[PDB]
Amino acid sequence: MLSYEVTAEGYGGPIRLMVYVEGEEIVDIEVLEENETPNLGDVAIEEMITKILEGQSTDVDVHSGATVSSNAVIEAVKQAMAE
């Protein structure tokens, strides 16, 4: 099982995730660092990790108040899933 650290540019500055892969199964995604806007961006991240793990897919909807945080997570995970 592969273990990649990915970083993409969020709304409040870069975010850093740990993505865990097993074949093409996304096993997990931990947040190592985010400094997004409390009660908005941090929430969008938790939500997007949930969507992606449940959906086993990065073709999922943004959290609508927070497209920039949402796309950061989508983009970070797209990077890890091309390996």
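We number the residues from 1 along the sequence you see.
Mean CA temperature factor is higher for 19 to 27 when stretches 60 to 68 and 19 to 27 are set side by side in the entry. When the modelled residues of the chain are ordered by C-alpha B-factor, residue 44 sits in the lowest third. Among all modelled residues in this chain, the alpha-carbon of residue 82 has a temperature factor (C-alpha) in the highest third. Annotation for residue 54: CA B-factor lies in the highest third of the chain's modelled residues. Among all modelled residues in its chain, residue 2 ranks in the highest third by Cα B-factor.
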